[PDB]
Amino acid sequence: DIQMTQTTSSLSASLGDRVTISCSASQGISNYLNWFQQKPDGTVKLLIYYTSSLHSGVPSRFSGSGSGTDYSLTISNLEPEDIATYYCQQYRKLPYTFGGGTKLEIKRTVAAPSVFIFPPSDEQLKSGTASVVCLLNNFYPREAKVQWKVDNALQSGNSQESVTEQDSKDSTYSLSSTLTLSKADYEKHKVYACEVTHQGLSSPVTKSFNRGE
C-alpha cells in the first residue's frame, strides 16, 4: 500500500498569508495526486487533481505542484472560508490511499487558560458514580496537558477530554476533562486536583478541592 504522509497535522496562519501544505508518497506515484478540502461542517470538495489541475468551481488562489514522491498545495492568500482540513490522496495504485490531513487554524498571541475544578454533585453521587470536571477556558495555542491527582496519586486511564473548535471572535480554545470514579472510591480520598501545563503558564497551575469541605 502506498503510504502518504502529511507530517504537519496542524498549521497556523493568518488571513491574507500564502500557505503551503506538504504531502509525500512512500514510493513514486507519477503525478496521480488529488487534494481535498474538508470544511468544518464535514463537507468534502476536490480542489486539485493530477497534481496541478484545478477542479471546476475552485478559485485559482489554490494551486498544486510536485513529482515522484513530493507534493504541495499552495493557497496564495488565505481567506476565512479556507480554514478547513486538507487531505492528499494518491490514485496511482490500488488501494487508493489518503494522507492523514492538515488542519489550518488562525495564529494569535499566546494566552494562558483560566482553570476551574468542579466536584461531583450530591445528586450524581446518589446514583453510585462521581464525575470530577476540570475546565480550561480560552487559551492559545491548542496544545495543553491535564494531569489528575487523587491524594497525590496520578490518575491514568480513568479520564476523558474534549476540546472546542477555534473561537471565531478570539481565536482561542477551551478544554473540558472529566475524571470518573465509583462513589465508593471517591469517598475514600480527600484531595482532588487537576494540574494544567500550557505554553502560557510559566509553570503548571493546580486547581484542587478537599472532598466534603
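Quick note: we count residues from 1 along the sequence shown, nothing fancier.
Peer 1: Would 171-179 or 43-51 have the larger average of its C-alpha temperature factors, as given in the entry?
Peer 2: Going by the record's values, the stretch with the higher mean is 43-51.
Peer 1: Mean C-alpha B factor from the entry: is it higher for 133-141 or for 86-94?
Peer 2: The deposited B-factors put 86-94 ahead on the C-alpha mean.
Peer 1: Highest Cα temperature factor in the entry, among the options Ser159, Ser56, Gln147, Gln38: which one is it?
Peer 2: Across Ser159, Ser56, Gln147, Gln38, the entry lists the biggest C-alpha B-factor for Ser56.
Peer 1: Per the entry's values, where does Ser12 land by CA temperature factor relative to the rest of its chain, in the lowest, middle or highest third?
Peer 2: Middle third, going by the recorded CA B-factors of the chain.
Peer 1: Taking the C-alpha B-factors as the PDB entry records them, is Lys103 in the lowest, middle or highest third of its chain?
Peer 2: Within its chain, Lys103 is a middle-third residue by C-alpha B-factor, going by the deposited values.
Peer 1: Among the modelled residues of this chain, does the Cα B factor of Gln199 put it in the lowest, middle or highest third?
Peer 2: Its C-alpha B-factor, which the entry lists for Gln199, ranks in the lowest third among residues of this chain.
Peer 1: What third of its chain, lowest, middle or highest, does the C-alpha temperature factor of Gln124 fall into?
Peer 2: Within its chain, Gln124 is a lowest-third residue by C-alpha B-factor, going by the deposited values.
Peer 1: Per the entry's values, where does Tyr186 land by CA temperature factor relative to the rest of its chain, in the lowest, middle or highest third?
Peer 2: It belongs to the lowest third of the chain when residues are ordered by C-alpha B-factor.
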